[PDB]
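Novice: Following this line is entry.txt, made up of compact mmCIF, C-alpha atoms:
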# COMPACT_ATOMS: atom_id res chain seq x y z
CA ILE A 2 -28.98 -59.19 2.85
CA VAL A 3 -29.10 -62.79 1.61
CA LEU A 4 -31.57 -65.19 3.29
CA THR A 5 -31.00 -68.94 3.33
CA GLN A 6 -33.46 -71.54 4.61
CA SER A 7 -33.10 -75.01 5.98
CA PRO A 8 -34.13 -77.72 5.43
CA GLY A 9 -34.88 -77.60 1.72
CA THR A 10 -37.57 -80.26 1.94
CA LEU A 11 -38.98 -81.98 5.03
CA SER A 12 -41.64 -84.72 5.02
CA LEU A 13 -43.64 -85.26 8.21
CA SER A 14 -46.89 -86.77 9.38
CA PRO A 15 -49.89 -84.88 10.77
CA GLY A 16 -49.36 -84.29 14.45
CA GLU A 17 -45.57 -83.90 14.19
CA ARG A 18 -43.57 -80.74 14.92
CA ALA A 19 -41.75 -78.86 12.15
CA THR A 20 -38.79 -76.57 12.93
CA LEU A 21 -37.78 -74.33 10.02
CA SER A 22 -34.69 -72.11 9.97
CA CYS A 23 -33.95 -68.83 8.19
CA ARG A 24 -30.46 -67.28 8.36
CA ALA A 25 -29.67 -63.72 7.25
CA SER A 26 -26.21 -62.74 6.01
CA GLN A 27 -26.34 -59.54 8.12
CA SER A 28 -28.43 -58.40 11.08
CA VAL A 29 -32.06 -57.70 10.16
CA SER A 30 -33.06 -54.16 11.20
CA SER A 31 -35.66 -54.02 14.01
CA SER A 32 -36.38 -57.74 13.65
CA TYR A 33 -38.41 -57.00 10.47
CA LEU A 34 -38.51 -60.64 9.41
CA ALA A 35 -41.73 -62.21 8.13
CA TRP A 36 -42.79 -65.77 7.41
CA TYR A 37 -45.30 -66.87 4.77
CA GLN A 38 -47.09 -70.09 3.86
CA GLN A 39 -47.71 -70.81 0.18
CA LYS A 40 -50.08 -73.58 -0.81
CA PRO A 41 -50.09 -74.81 -4.43
CA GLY A 42 -51.82 -72.41 -6.78
CA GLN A 43 -52.14 -69.64 -4.15
CA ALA A 44 -50.25 -66.53 -3.27
CA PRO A 45 -48.21 -66.63 -0.05
CA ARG A 46 -50.15 -65.86 3.12
CA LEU A 47 -48.52 -63.97 5.97
CA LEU A 48 -48.05 -66.04 9.14
CA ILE A 49 -45.50 -64.11 11.24
CA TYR A 50 -44.23 -60.54 11.11
CA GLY A 51 -41.62 -58.71 13.18
CA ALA A 52 -39.95 -62.15 13.72
CA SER A 53 -42.30 -63.27 16.47
CA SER A 54 -45.77 -61.72 15.98
CA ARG A 55 -48.55 -63.92 14.66
CA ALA A 56 -50.62 -62.17 12.00
CA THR A 57 -54.33 -61.70 12.52
CA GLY A 58 -56.19 -64.99 12.67
CA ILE A 59 -53.07 -67.19 12.56
CA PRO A 60 -53.42 -70.20 14.93
CA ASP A 61 -51.19 -70.62 17.92
CA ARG A 62 -49.51 -73.74 16.54
CA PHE A 63 -47.37 -71.38 14.41
CA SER A 64 -44.62 -69.64 16.35
CA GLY A 65 -41.77 -67.42 15.17
CA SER A 66 -38.62 -66.66 17.12
CA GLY A 67 -35.22 -65.10 16.78
CA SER A 68 -33.46 -61.79 16.42
CA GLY A 69 -30.37 -60.63 14.59
CA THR A 70 -29.39 -63.20 11.95
CA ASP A 71 -31.03 -66.47 13.08
CA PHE A 72 -34.77 -67.02 12.87
CA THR A 73 -37.02 -70.02 13.44
CA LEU A 74 -40.59 -70.92 12.50
CA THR A 75 -42.09 -73.74 14.55
CA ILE A 76 -45.30 -75.53 13.65
CA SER A 77 -46.06 -77.34 16.91
CA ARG A 78 -48.51 -80.00 15.68
CA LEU A 79 -49.01 -80.20 11.92
CA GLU A 80 -52.53 -80.34 10.53
CA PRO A 81 -53.19 -81.65 7.00
CA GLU A 82 -53.78 -78.05 5.81
CA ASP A 83 -50.23 -77.11 6.89
CA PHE A 84 -48.42 -78.94 4.13
CA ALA A 85 -47.05 -76.15 1.93
CA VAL A 86 -43.91 -74.17 1.11
CA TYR A 87 -42.77 -71.72 3.79
CA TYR A 88 -40.74 -68.58 3.05
CA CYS A 89 -39.03 -65.98 5.13
CA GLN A 90 -38.66 -62.37 3.99
CA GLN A 91 -36.61 -59.56 5.44
CA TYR A 92 -38.10 -56.08 5.08
CA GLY A 93 -35.69 -54.01 7.15
CA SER A 94 -33.34 -52.90 4.38
CA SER A 95 -32.43 -52.69 0.66
CA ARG A 96 -34.39 -54.97 -1.64
CA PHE A 97 -36.90 -56.89 0.53
CA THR A 98 -35.79 -60.35 -0.43
CA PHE A 99 -37.18 -63.80 0.26
CA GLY A 100 -35.47 -66.95 1.35
CA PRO A 101 -35.53 -69.93 -1.05
CA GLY A 102 -38.32 -71.77 0.80
CA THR A 103 -38.75 -74.95 2.82
CA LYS A 104 -41.15 -77.51 1.36
CA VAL A 105 -43.12 -79.26 4.11
CA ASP A 106 -44.61 -82.37 2.52
CA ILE A 107 -46.81 -85.18 3.87
CA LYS A 108 -44.71 -88.23 4.85
Represent the structure of the file as structure tokens.

Specialist:
Amino acid sequence: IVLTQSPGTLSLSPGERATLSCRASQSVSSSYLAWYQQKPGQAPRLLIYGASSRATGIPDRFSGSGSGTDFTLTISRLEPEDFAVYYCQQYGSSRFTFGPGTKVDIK
């Protein structure tokens, strides 16, 4: 399974909504699709698992949706601490690969 992500880079202001896409080349088994946030100098932190479950402690402004091959991460109202690179990962089959990332930068 190959994951692609779009956009590549997106610059927004605090308070704006970000809509991030992840597309899988084949259906993802059981909706085992996760999303991570990586801030500079840190390991990625899990935001969403099973396509639409928020991980423990993750605020409700992050939302994951989708099934099959098309997945979306929405950040409803960006806070300054949300500017980072966001990755999807499929863990339903084969090598558990990552998408190439979407950089969400401050406008």

Novice: Counting all atoms listed in the file, which residue out of A:36, A:60, A:77, A:10 sits closest to residue 91 of chain A?

Specialist: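 Closest to residue 91 of chain A, using all atoms listed in the file: A:36.
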
Novice: Distance atom CA of residue 73 of chain A-atom CA of residue 3 of chain A, one decimal place?

Specialist: 16.0 Å

Novice: Go ahead and compute the interatomic distance for atom CA of residue 11 of chain A and atom CA of residue 48 of chain A, in Å to one decimal.

Specialist: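 Atom CA of residue 48 of chain A lies 18.8 Å from atom CA of residue 11 of chain A.
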
Novice: With only C-alpha atoms as the counted atoms, please give the residues lying no more than 9 Å from segment 99-105 of chain A, apart from itself and same-chain residues fewer than 3 positions off, as an mmCIF file with C-alpha atoms, in the coordinates of the input.

Specialist:
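Writing done, so here's out_16.cif:
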data_model
loop_
_atom_site.group_PDB
_atom_site.id
_atom_site.type_symbol
_atom_site.label_atom_id
_atom_site.label_comp_id
_atom_site.auth_asym_id
_atom_site.auth_seq_id
_atom_site.Cartn_x
_atom_site.Cartn_y
_atom_site.Cartn_z
ATOM 1 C CA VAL A 3 -29.100 -62.790 1.610
ATOM 2 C CA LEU A 4 -31.570 -65.190 3.290
ATOM 3 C CA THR A 5 -31.000 -68.940 3.330
ATOM 4 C CA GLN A 6 -33.460 -71.540 4.610
ATOM 5 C CA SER A 7 -33.100 -75.010 5.980
ATOM 6 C CA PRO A 8 -34.130 -77.720 5.430
ATOM 7 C CA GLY A 9 -34.880 -77.600 1.720
ATOM 8 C CA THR A 10 -37.570 -80.260 1.940
ATOM 9 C CA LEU A 11 -38.980 -81.980 5.030
ATOM 10 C CA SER A 12 -41.640 -84.720 5.020
ATOM 11 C CA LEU A 13 -43.640 -85.260 8.210
ATOM 12 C CA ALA A 19 -41.750 -78.860 12.150
ATOM 13 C CA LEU A 21 -37.780 -74.330 10.020
ATOM 14 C CA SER A 22 -34.690 -72.110 9.970
ATOM 15 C CA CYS A 23 -33.950 -68.830 8.190
ATOM 16 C CA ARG A 24 -30.460 -67.280 8.360
ATOM 17 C CA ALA A 25 -29.670 -63.720 7.250
ATOM 18 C CA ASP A 83 -50.230 -77.110 6.890
ATOM 19 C CA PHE A 84 -48.420 -78.940 4.130
ATOM 20 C CA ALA A 85 -47.050 -76.150 1.930
ATOM 21 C CA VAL A 86 -43.910 -74.170 1.110
ATOM 22 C CA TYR A 87 -42.770 -71.720 3.790
ATOM 23 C CA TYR A 88 -40.740 -68.580 3.050
ATOM 24 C CA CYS A 89 -39.030 -65.980 5.130
ATOM 25 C CA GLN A 90 -38.660 -62.370 3.990
ATOM 26 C CA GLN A 91 -36.610 -59.560 5.440
#

Novice: Need to verify the contact set: residue 34 of chain A, 9 Å, all atoms listed in the file, exclusion of same-chain residues closer than 4 positions in sequence. Can you return it as a PyMOL selection string?

Specialist: chain A and resi 29-30+49-53+68+72+89-93

Novice: Nearest to residue 27 of chain A among A:58, A:107, A:2, A:40, with distances taken over only C-alpha atoms: which residue is it?

Specialist: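 Distance minimum relative to residue 27 of chain A lands on A:2.
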
Novice: Which is closest to residue 65 of chain A among A:81, A:106, A:94, A:20, if we use all atoms listed in the file?

Specialist: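 Between A:81, A:106, A:94, A:20, the residue approaching residue 65 of chain A most closely is A:20.
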
Novice: For the atom pair atom CA of residue 57 of chain A and atom CA of residue 108 of chain A, what is the interatomic distance in Å to one decimal place?

Specialist: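 These atoms are spaced 29.2 Å apart.
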
Novice: Please, what is the axis-aligned box for every listed atom of segment 19-32 of chain A with 3 Å on each side, as centre and edge lengths in Å to one decimal, as JSON?

Specialist:
{"center_x": -34.0, "center_y": -66.4, "center_z": 10.0, "size_x": 21.5, "size_y": 30.8, "size_z": 14.0}

Novice: Give the answer as one residue: which of A:15, A:96, A:44, A:54 has the shortest atom-to-atom distance to residue 67 of chain A, using all atoms listed in the file?

Specialist: A:54

Novice: Set the distance at 7 Å and use only C-alpha atoms: which residues neighbour residue 64 of chain A once local chain neighbours fewer than 4 positions away are removed? I'd like the list as a ChimeraX atom specification.

Specialist: /A:53,74-76

Novice: Store the residues picked out above in a file with C-alpha atoms, as a compact mmCIF listing (two decimals), in the frame of the given file.

Specialist:
# COMPACT_ATOMS: atom_id res chain seq x y z
CA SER A 53 -42.30 -63.27 16.47
CA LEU A 74 -40.59 -70.92 12.50
CA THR A 75 -42.09 -73.74 14.55
CA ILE A 76 -45.30 -75.53 13.65

Novice: Using all atoms listed in the file, can you tell me which of A:46, A:14, A:61, A:71 comes closest to residue 32 of chain A?

Specialist: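 Of A:46, A:14, A:61, A:71, the one nearest residue 32 of chain A, counting all atoms listed in the file, is A:71.
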
Novice: For the structure just given, write the atoms of segment 40-76 of chain A, namely N, CA and C atoms, as a PDB file, in the first residue's frame.

Specialist:
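Listing of result24.pdb after writing:
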ATOM      1  N   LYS A  40       6.407  17.759  15.742  1.00  0.00           N
ATOM      2  CA  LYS A  40       6.996  19.083  15.896  1.00  0.00           C
ATOM      3  C   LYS A  40       8.509  18.987  15.727  1.00  0.00           C
ATOM      4  N   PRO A  41       9.177  20.090  15.387  1.00  0.00           N
ATOM      5  CA  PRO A  41      10.614  20.037  15.119  1.00  0.00           C
ATOM      6  C   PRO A  41      11.365  19.490  16.321  1.00  0.00           C
ATOM      7  N   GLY A  42      12.281  18.559  16.060  1.00  0.00           N
ATOM      8  CA  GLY A  42      13.109  18.021  17.109  1.00  0.00           C
ATOM      9  C   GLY A  42      12.451  16.972  17.982  1.00  0.00           C
ATOM     10  N   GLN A  43      11.214  16.570  17.684  1.00  0.00           N
ATOM     11  CA  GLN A  43      10.473  15.606  18.480  1.00  0.00           C
ATOM     12  C   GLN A  43      10.074  14.417  17.630  1.00  0.00           C
ATOM     13  N   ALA A  44       9.849  13.288  18.301  1.00  0.00           N
ATOM     14  CA  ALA A  44       9.248  12.177  17.615  1.00  0.00           C
ATOM     15  C   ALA A  44       7.787  12.485  17.299  1.00  0.00           C
ATOM     16  N   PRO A  45       7.218  11.800  16.308  1.00  0.00           N
ATOM     17  CA  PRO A  45       5.780  11.950  16.047  1.00  0.00           C
ATOM     18  C   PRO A  45       4.932  11.519  17.237  1.00  0.00           C
ATOM     19  N   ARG A  46       3.819  12.200  17.421  1.00  0.00           N
ATOM     20  CA  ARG A  46       2.895  11.914  18.509  1.00  0.00           C
ATOM     21  C   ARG A  46       1.583  11.476  17.884  1.00  0.00           C
ATOM     22  N   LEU A  47       1.044  10.369  18.368  1.00  0.00           N
ATOM     23  CA  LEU A  47      -0.215   9.855  17.816  1.00  0.00           C
ATOM     24  C   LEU A  47      -1.410  10.765  18.118  1.00  0.00           C
ATOM     25  N   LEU A  48      -2.139  11.146  17.064  1.00  0.00           N
ATOM     26  CA  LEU A  48      -3.359  11.932  17.219  1.00  0.00           C
ATOM     27  C   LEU A  48      -4.621  11.094  17.068  1.00  0.00           C
ATOM     28  N   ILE A  49      -4.665  10.273  15.997  1.00  0.00           N
ATOM     29  CA  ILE A  49      -5.848   9.550  15.562  1.00  0.00           C
ATOM     30  C   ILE A  49      -5.419   8.136  15.257  1.00  0.00           C
ATOM     31  N   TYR A  50      -6.235   7.156  15.679  1.00  0.00           N
ATOM     32  CA  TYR A  50      -6.002   5.779  15.278  1.00  0.00           C
ATOM     33  C   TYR A  50      -7.319   5.191  14.783  1.00  0.00           C
ATOM     34  N   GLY A  51      -7.250   4.065  14.060  1.00  0.00           N
ATOM     35  CA  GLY A  51      -8.465   3.465  13.527  1.00  0.00           C
ATOM     36  C   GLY A  51      -9.279   4.441  12.692  1.00  0.00           C
ATOM     37  N   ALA A  52      -8.586   5.364  12.004  1.00  0.00           N
ATOM     38  CA  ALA A  52      -9.132   6.390  11.091  1.00  0.00           C
ATOM     39  C   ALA A  52      -9.897   7.508  11.782  1.00  0.00           C
ATOM     40  N   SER A  53     -10.663   7.199  12.834  1.00  0.00           N
ATOM     41  CA  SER A  53     -11.500   8.252  13.389  1.00  0.00           C
ATOM     42  C   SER A  53     -11.504   8.305  14.914  1.00  0.00           C
ATOM     43  N   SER A  54     -10.634   7.569  15.595  1.00  0.00           N
ATOM     44  CA  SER A  54     -10.569   7.625  17.059  1.00  0.00           C
ATOM     45  C   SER A  54      -9.494   8.599  17.516  1.00  0.00           C
ATOM     46  N   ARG A  55      -9.854   9.569  18.338  1.00  0.00           N
ATOM     47  CA  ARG A  55      -8.811  10.381  18.966  1.00  0.00           C
ATOM     48  C   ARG A  55      -8.075   9.583  20.043  1.00  0.00           C
ATOM     49  N   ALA A  56      -6.741   9.700  20.031  1.00  0.00           N
ATOM     50  CA  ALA A  56      -5.938   9.053  21.066  1.00  0.00           C
ATOM     51  C   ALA A  56      -6.138   9.762  22.394  1.00  0.00           C
ATOM     52  N   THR A  57      -5.738   9.068  23.466  1.00  0.00           N
ATOM     53  CA  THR A  57      -5.951   9.595  24.804  1.00  0.00           C
ATOM     54  C   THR A  57      -5.368  10.982  24.927  1.00  0.00           C
ATOM     55  N   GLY A  58      -6.183  11.910  25.451  1.00  0.00           N
ATOM     56  CA  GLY A  58      -5.736  13.254  25.730  1.00  0.00           C
ATOM     57  C   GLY A  58      -5.741  14.187  24.540  1.00  0.00           C
ATOM     58  N   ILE A  59      -6.051  13.705  23.341  1.00  0.00           N
ATOM     59  CA  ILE A  59      -6.009  14.565  22.153  1.00  0.00           C
ATOM     60  C   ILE A  59      -7.240  15.470  22.155  1.00  0.00           C
ATOM     61  N   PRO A  60      -7.072  16.782  21.955  1.00  0.00           N
ATOM     62  CA  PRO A  60      -8.213  17.705  21.996  1.00  0.00           C
ATOM     63  C   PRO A  60      -9.190  17.536  20.843  1.00  0.00           C
ATOM     64  N   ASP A  61     -10.424  17.988  21.106  1.00  0.00           N
ATOM     65  CA  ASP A  61     -11.474  17.723  20.131  1.00  0.00           C
ATOM     66  C   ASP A  61     -11.350  18.557  18.867  1.00  0.00           C
ATOM     67  N   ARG A  62     -10.435  19.526  18.811  1.00  0.00           N
ATOM     68  CA  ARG A  62     -10.258  20.209  17.529  1.00  0.00           C
ATOM     69  C   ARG A  62      -9.621  19.311  16.467  1.00  0.00           C
ATOM     70  N   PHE A  63      -9.007  18.175  16.831  1.00  0.00           N
ATOM     71  CA  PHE A  63      -8.516  17.244  15.827  1.00  0.00           C
ATOM     72  C   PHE A  63      -9.577  16.197  15.556  1.00  0.00           C
ATOM     73  N   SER A  64      -9.860  15.960  14.283  1.00  0.00           N
ATOM     74  CA  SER A  64     -10.867  14.980  13.907  1.00  0.00           C
ATOM     75  C   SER A  64     -10.336  14.194  12.718  1.00  0.00           C
ATOM     76  N   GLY A  65     -10.460  12.872  12.761  1.00  0.00           N
ATOM     77  CA  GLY A  65     -10.163  12.030  11.622  1.00  0.00           C
ATOM     78  C   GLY A  65     -11.416  11.406  11.046  1.00  0.00           C
ATOM     79  N   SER A  66     -11.427  11.237   9.724  1.00  0.00           N
ATOM     80  CA  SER A  66     -12.559  10.615   9.064  1.00  0.00           C
ATOM     81  C   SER A  66     -12.072   9.840   7.860  1.00  0.00           C
ATOM     82  N   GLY A  67     -12.950   8.969   7.392  1.00  0.00           N
ATOM     83  CA  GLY A  67     -12.743   8.210   6.182  1.00  0.00           C
ATOM     84  C   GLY A  67     -12.712   6.716   6.452  1.00  0.00           C
ATOM     85  N   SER A  68     -12.727   5.988   5.352  1.00  0.00           N
ATOM     86  CA  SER A  68     -12.725   4.536   5.325  1.00  0.00           C
ATOM     87  C   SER A  68     -12.268   4.181   3.922  1.00  0.00           C
ATOM     88  N   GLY A  69     -11.806   2.950   3.759  1.00  0.00           N
ATOM     89  CA  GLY A  69     -11.385   2.505   2.447  1.00  0.00           C
ATOM     90  C   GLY A  69     -10.048   3.063   2.005  1.00  0.00           C
ATOM     91  N   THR A  70     -10.056   3.965   1.012  1.00  0.00           N
ATOM     92  CA  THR A  70      -8.831   4.563   0.493  1.00  0.00           C
ATOM     93  C   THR A  70      -8.693   6.064   0.688  1.00  0.00           C
ATOM     94  N   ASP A  71      -9.675   6.750   1.267  1.00  0.00           N
ATOM     95  CA  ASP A  71      -9.632   8.209   1.343  1.00  0.00           C
ATOM     96  C   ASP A  71      -9.853   8.633   2.777  1.00  0.00           C
ATOM     97  N   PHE A  72      -8.865   9.324   3.346  1.00  0.00           N
ATOM     98  CA  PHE A  72      -8.881   9.690   4.749  1.00  0.00           C
ATOM     99  C   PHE A  72      -8.598  11.178   4.902  1.00  0.00           C
ATOM    100  N   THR A  73      -9.172  11.772   5.942  1.00  0.00           N
ATOM    101  CA  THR A  73      -9.046  13.203   6.173  1.00  0.00           C
ATOM    102  C   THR A  73      -8.747  13.474   7.639  1.00  0.00           C
ATOM    103  N   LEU A  74      -7.806  14.374   7.903  1.00  0.00           N
ATOM    104  CA  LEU A  74      -7.584  14.932   9.226  1.00  0.00           C
ATOM    105  C   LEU A  74      -7.980  16.396   9.168  1.00  0.00           C
ATOM    106  N   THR A  75      -8.885  16.791  10.061  1.00  0.00           N
ATOM    107  CA  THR A  75      -9.323  18.169  10.177  1.00  0.00           C
ATOM    108  C   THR A  75      -8.803  18.714  11.494  1.00  0.00           C
ATOM    109  N   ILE A  76      -8.251  19.914  11.449  1.00  0.00           N
ATOM    110  CA  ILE A  76      -7.933  20.666  12.659  1.00  0.00           C
ATOM    111  C   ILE A  76      -8.862  21.869  12.627  1.00  0.00           C
TER     112      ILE A  76
END
